[PDB]
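Since every read-out is calculated from the coordinates, none of them should be taken as a lab result. Here the Cβ positions follow ideal geometry from the backbone for every residue, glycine too, while neighbour counts run over all protein chains shown.
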Amino acid sequence: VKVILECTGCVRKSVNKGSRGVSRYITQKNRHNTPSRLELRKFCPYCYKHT
Amino acid sequence: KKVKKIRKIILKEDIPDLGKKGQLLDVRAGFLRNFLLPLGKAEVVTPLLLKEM
RNA sequence: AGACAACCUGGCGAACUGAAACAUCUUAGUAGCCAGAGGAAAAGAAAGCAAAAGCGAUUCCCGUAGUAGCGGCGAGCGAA
RNA sequence: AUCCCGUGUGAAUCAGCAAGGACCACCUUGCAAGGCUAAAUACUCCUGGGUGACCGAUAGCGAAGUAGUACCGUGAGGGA
RNA sequence: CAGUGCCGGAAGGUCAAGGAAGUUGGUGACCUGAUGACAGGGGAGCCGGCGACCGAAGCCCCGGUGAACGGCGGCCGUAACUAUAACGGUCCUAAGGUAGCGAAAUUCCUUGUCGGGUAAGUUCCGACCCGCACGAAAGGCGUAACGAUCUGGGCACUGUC
RNA sequence: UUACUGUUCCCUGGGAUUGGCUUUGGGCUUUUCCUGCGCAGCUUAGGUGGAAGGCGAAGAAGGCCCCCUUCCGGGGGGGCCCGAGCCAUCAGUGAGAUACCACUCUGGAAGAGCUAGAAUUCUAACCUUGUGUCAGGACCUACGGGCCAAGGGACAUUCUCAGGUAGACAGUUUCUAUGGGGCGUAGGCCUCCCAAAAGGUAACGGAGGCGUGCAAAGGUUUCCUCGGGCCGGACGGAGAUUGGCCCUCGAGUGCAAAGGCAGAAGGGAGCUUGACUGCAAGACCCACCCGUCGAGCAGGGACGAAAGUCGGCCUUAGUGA
């Protein structure tokens with residue numbers, strides 16, 4: 001089916017240095033849910049970027 | 001949608017349904033326009049006529 | 001009462017055109033038709049603009065300004 | 001948003017109402033739902049003066065004599 | 001009587017304007033945090049957004065109606081010589097053309113084949129039906145009379161020749 | 001015209017013109033109840049509070065009976081009868097009384113409000129008619145006006161809004177290269193040839209594919225060599241799986257072709273998410289728009305012991321300002 005879908009982090013609406021939600025374009029997920037370790041979020045080390 | 005208001009009347013003649021010549025039972029504006037006001041049967045409640053008389 | 005070139009006001013009110021087609025838009029509330037009226041007519045004496053500073057009815061000219069905008073954000077339209 | 005209308009609902013009087021570009025609160029401004037007014041302003045069927053790097057009988061008004069005439073069309077009208 | 005049109009029907013589905021329980025948002029007297037240059041929550045009032053549910057006709061559906069729109073099929077086989085198909089099975093439709101007509105104002109092949117007429121007739125008439133692509137009120141088949149109708153032939157008649 | 005956008009006639013709903021009476025009757029309320037099988041239990045645990053007191057003789061336990069939801073297990077009172085009790089902490093029990101009540105629930109009633117819808121009629125709105133009657137100097141049996149009468153009647157009519165709905169009507173569109181056409185074909189991207197040894201290059205010239213797919217078929221480390229003929233092995237043969245030699249790139253790379261790629265860019269295994277962020281000197285292509293490659297820097301990482309590599313895929317197609 002090849003659904004396009006966004007990965008997203010953990011939201012954390014805060015007053016840090018540009019702290020905001022980070023979503024990333026990704027594809028192929030017609031399977032079990034795959035959190036990949038896409039990183040360099042607004043918080044600079046990150047893991048398990050969900051959906 | 002919308003409802004039209006009910007206009008007050010003071011009687012002068014015996015109603016065959018509700019009122020004997022002096023009651024203040026308010027019914028409908030069209031029932032005053034078409035029936036009561038031309039026949040000399042009801043009037044409009046005004047403070048200039050009701051309160052001092 | 002009727003007549004009156006043009007301007008003016010009120011009402012009905014297009015289309016060819018431009019958009020390289022065309023329907024939103026433009027041409028255009030223009031032309032035309034009817035009615036009215038005067039040397040001018042309309043408007044006009046703030047339930048107004050403006051912005052914490054201030055002006056004092058309406059009309060017209062220069063300007064802001066082809067600016068802010070509006071628009072199949074096209075063609076174009078365009079203030080205050 | 002302001003302004004004016006079609007159908008229907010339908011307020012408040014100054015301790016208020018309306019506007020300040022959805023709207024709410026505060027402030028500021030003004031007082032709709034009643035009327036009348038000259039001037040600056042636009043034009044020429046014209047009138048009286050002064051002009052013209054405007055014309056000179058194929059020009060300038062269509063028209064320098066019968067000119068909107070002769071002539072054409074039933075007529076609107078066209079037109080020397 | 002499938003599709004379309006028209007009529008009738010109401011059970012159900014879809015369903016606009018509008019009404020409306022509820023939910024939610026903005027502003028906001030007031031109460032709280034606040035090494036910040038402010039913020040969080042929020043009563044009533046006012047202004048809104050979504051909106052369960054009601055909401056007609058139409059439409060979907062059901063049934064009827066060819067002098068309503070229109071349409072009326074392919075595949076092969078087998079009867080005592082050659083045949084041809086009375087008859088049969090199969091596929092698909094809503095149904096597979098009924099009477100009569102039929103190389104026709106309709107036939108491409110085609111000047112189809114036969115017979116008549118002619119010395120000789122792609123024209124004419126009478127037949128067969130292989131009807132490209134007739135056909136029953138866009139009517140079909142006939143016929144007396146009629147036609148400045150089309151077309152085939154004959155007599156008389158003549159410079160048409 | 002079953003092309004598009006509409007308009008109009010027409011139909012159908014909310015408002016208004018638009019009222020009076022009573023029924024059928026769907027949703028809200030105006031008080032009270034029959035009413036509730038997790039547990040060991042006098043008992044089919046209605047979530048809470050008032051709790052040593054109420055029902056009582058204005059006639060209570062228990063026997064005579066009508067009714068119902070029903071899990072007919074068990075209950076309610078209308079009439080008569082009976083004659084001094086139903087208890088109340090009891091032990092069970094998160095939470096307790098069938099002594100009592102202010103509330104109120106899955107179900108309904110009593111008489112009342114409110115709102116539908118539908119129906120019945122009445123006339124006074126509104127519509128139609130009258131050679132019925134009256135009228136001015138005269139008539140209006142000439143339209144019409146006043147009065148009266150009859151038929152309808154809150155329907156119809158008119159207006160606004162909303163849905164549907166006729167080429168009846170209106171404004172328009174209906175591509176191009178071409179064979180300068182019905183009957184075709186193609187329009188954009190990629191590979192080879194044409195293309196004449198840089199690059200480019202046309203024809204409705206010759207051949208093909210594409211409008212993606214992969215959580216690995218991406219990244220890193222490491223290991224390995226395929227493909228074909230022959231020979232051996234009662235299933236098994238010409239050909240499956242296994243052993244050995246020969247040729248050494250003829251196999252393969254998600255798919256079309258071309259150019260590549262043999263200790264590989266081909267096959268396997270481990271760990272993995274760089275299929276990141278902020279960028280970027282300089283180049284190619286170049287009408288413009290575009291499109292392609294890229295050393296190098298910072299952050300934060302993946303693999304590896306490190307060196308280093310990684311800003312997706314061997315590349316070119318898989319797209320749209």
Between rounded, prolate and oblate, where does the protein assembly as shown land on the alpha carbon gyration tensor, with a ≥ b ≥ c its root eigenvalues, rounded for a/c under 1.5, else prolate if a/b exceeds b/c?
prolate
With 0.36 nm assigned to each residue of separation and the Cα-Cα distance removed, A:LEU5 to A:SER19 gains 2.8 nm
Arrange B:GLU13, B:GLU52 by Cβ neighbour counts within 10 Å, fewest through most, would you?
B:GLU52, B:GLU13
Taking a straight Cα-to-Cα line shorter than 19 Å from B:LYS51, and setting aside same-chain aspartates and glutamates fewer than 8 residues away, one finds B:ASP26, B:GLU43
Whole-Hz ³J(HN,Hα) for each residue in segment A:11-25, computed from phi via Karplus 6.51 cos²θ - 1.76 cosθ + 1.60 with θ = phi - 60°, x for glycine and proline: what do you get?
4, 6, 5, 9, 10, 7, 6, x, 6, 6, x, 10, 10, 10, 4
Taking θ as phi - 60°, what are the ³J(HN,Hα) couplings along segment A:33-39 by the Karplus curve (6.51, -1.76, 1.60), each to the nearest whole Hz, with x for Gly and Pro?
5, 10, x, 8, 8, 5, 9
List the extent of the Cα atoms of chain A along each of their three principal axes, largest first, rounded to whole Å.
40, 15, 13
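Filter the trypsin sites (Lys or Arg not before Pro) in chain A down to the DSSP loop ones having no more than 14 other Cβ atoms within 10 Å, then list what survives.
A:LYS2, A:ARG12, A:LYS13, A:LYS17, A:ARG20, A:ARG31, A:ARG37
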Using amide H atoms built in the peptide plane, which far-off residues or other-chain residues are under 5 Å from B:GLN23 H to H?
B:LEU11
Nonlocal amide H pairs with A:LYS42, under 5 Å, H built at 1.01 Å:
A:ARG20
Search the structure for amide H atoms under 5 Å from the amide H of B:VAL45, placed 1.01 Å from N in the peptide plane, and list their residues when 5 or more places away or on another chain.
B:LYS8, B:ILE9, B:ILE10
Within chain B, trypsin sites (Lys or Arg not before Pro) in DSSP loop having at most 14 other beta-carbon neighbours inside 10 Å:
B:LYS1, B:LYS2, B:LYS4, B:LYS5, B:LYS12, B:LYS21, B:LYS51
Residue by residue, what Karplus-based ³J(HN,Hα) values in Hz, rounded to whole numbers, does segment B:10-15 have, using 6.51, -1.76 and 1.60 with θ = phi - 60° and x for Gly and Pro?
10, 7, 9, 8, 5, 6
In chain A, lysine pairs closer than 15 Å at Cα, eight or more apart or cross-chain
4
